[PDB]
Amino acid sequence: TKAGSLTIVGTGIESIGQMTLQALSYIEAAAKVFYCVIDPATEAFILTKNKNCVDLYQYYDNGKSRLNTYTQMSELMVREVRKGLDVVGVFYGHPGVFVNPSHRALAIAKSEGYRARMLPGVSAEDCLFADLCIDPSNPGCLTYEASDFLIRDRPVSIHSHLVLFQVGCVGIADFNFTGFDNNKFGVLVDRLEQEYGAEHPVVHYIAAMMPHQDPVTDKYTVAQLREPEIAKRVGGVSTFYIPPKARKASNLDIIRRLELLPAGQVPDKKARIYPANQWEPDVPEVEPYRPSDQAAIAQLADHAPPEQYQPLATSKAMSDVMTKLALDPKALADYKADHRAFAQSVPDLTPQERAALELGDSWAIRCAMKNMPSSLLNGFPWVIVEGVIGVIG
């Protein structure tokens, strides 16, 4: 009902390319854009997309409490919302991951009755999984802010992934344009030594911020983080990844209750699905082509789509409108305001395509765009299986 909206979007980490299509489309549609980005190529890119941009980075200052900066950044965005403008806030990475002012501005906007939405983006942790070739699923992931990790004595699991953000500003509440003397870094290393031992690997991770750069994926021992030459390499964009030290055994009660029953058949806790985490100390070599793998590959020769497989069967007109709804926020708002009026003005839709848009139901749109076989009559693509379940079945 109320005039004025706040949409907060991300740029991702790597310059320009890690922005989502929808983030770009909201930046272009905005009446005003407020941005806080790392790299000048992303900044320049944003300014080519909207004529009314404000750099939020100017509200940092030497010795200025970051909390005061964040209150100011939030208020600049919400002031424009209250004047009835469609406002877009733009932050580095995912705009909600280790970001104070986005959450603050969205909560204020929401509480005063304005439309308020955060669109997800690619985080430094998303980059970490991709560059270190690890899956948070295998074997679970603990993610902490490094100072919070220490002050609140957050628990570590030696059996799961550990990721630490803001390791380059331990205990630091303020800002400095030339970066920080991270003098309390030794307090973090002491905790890592207690939890994992002095010989356990820590990966210094820096995602490439420009398209031509390589990531930093430097493995050090906990002990090596005490060498002054190495400690000095940790900066404001540094993240730590600590791999598991050991593998956790199966709970026989759960094995029974999940009927993975022939107990002898459950893989040894040391048995891995290819590939193994290469960062783990004493990483055993895992066979990519076991007899089960070779037999599955042998079946490819005679493979045909199962009877229940639903081939795409759509039209340019339907693909075009579904693309427009994703990439044109004004078209989306019009559609959400009046499904029927919008659907009836789309040129070249089949009667089924028109009907499907009029309803808006997932099922109607899926039947309109996929041939549903008689054999078949939500989505079900699971692309991971836990090893003990997989190897048994």
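Numbers for residues come from their place in the sequence shown, where the first is 1.
Engineer: Per the record, how many residues of the deposited chain fall between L377 and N378 without being modelled: none, 1 to 3, 4 to 9, or 10 or more?
Structural biologist: Gap between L377 and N378: 10 or more unmodelled residues.
Engineer: Using the B-factors recorded in the PDB entry, average over the C-alpha atoms of 180-188 and of 200-208, then report which stretch comes out higher.
Structural biologist: The recorded data point to 180-188.
Engineer: Mean C-alpha B factor from the entry: is it higher for 241-249 or for 125-133?
Structural biologist: The recorded data point to 241-249.
Engineer: Checking the record values for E80, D268, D320, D293, which has the greatest CA B factor?
Structural biologist: Among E80, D268, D320, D293, the PDB entry lists the largest C-alpha B-factor for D268.
Engineer: Given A44, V54, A29, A337, identify the residue with the highest C-alpha B factor in the PDB entry.
Structural biologist: That would be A337.
Engineer: Compare the C-alpha B factor of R272 with those of the other modelled residues in its chain, then answer lowest, middle or highest third.
Structural biologist: Highest third of the chain for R272's C-alpha B-factor.
Engineer: Thinking about Cα B factors across the chain, which third does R104 belong to?
Structural biologist: Answer is lowest: the recorded C-alpha B-factor places it there.
Engineer: Which third, lowest, middle or highest, does the C-alpha temperature factor of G93 belong to within its own chain?
Structural biologist: CA B-factor rank for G93: lowest third.
Engineer: Please rank the C-alpha B-factors of the chain's modelled residues and tell me whether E75 sits in the lowest, middle or highest third.
Structural biologist: As the PDB entry reports it, the C-alpha B-factor of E75 lands in the lowest third of its chain.
Engineer: Comparing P120 with the other modelled residues of its chain, is its CA B-factor in the lowest, middle or highest third?
Structural biologist: Lowest third.
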